[PDB]
């Protein structure tokens, strides 16, 4: 089940960590980017939609499927205050 998440980055940034990526599989066979910690009262947390275990599919139509950890991190660090996430739930 794919969902849309729209965020406003805060003073602690977006408020979550990721893993995975081509060459850094978080789950064997799966090169995807996964959300691994949602941080207390950060942006992601206040909004409430994003969940530990969520696959990230996109950020601002920069595509996060089959990319490297650092390609994903780059794209997520290269964001304004306005952040759109497309995710797939388990």
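Numbering follows the first chain given and starts at 1.
**Request:** Could you settle it for me: does 78-86 or 19-27 have the higher average Cα B factor in the PDB entry?
**Result:** The deposited B-factors put 78-86 ahead on the C-alpha mean.
**Item:** Third of the chain, ranked by Cα B-factor, where residue 47 sits
**Value:** Answer is middle: the recorded C-alpha B-factor places it there.
**Prompt:** What third of its chain, lowest, middle or highest, does the C-alpha temperature factor of residue 35 fall into?
**Reply:** Within its chain, residue 35 is a lowest-third residue by C-alpha B-factor, going by the deposited values.
**Item:** Third assignment of residue 62 from its chain's C-alpha B-factors
**Value:** Answer is highest: the recorded C-alpha B-factor places it there.
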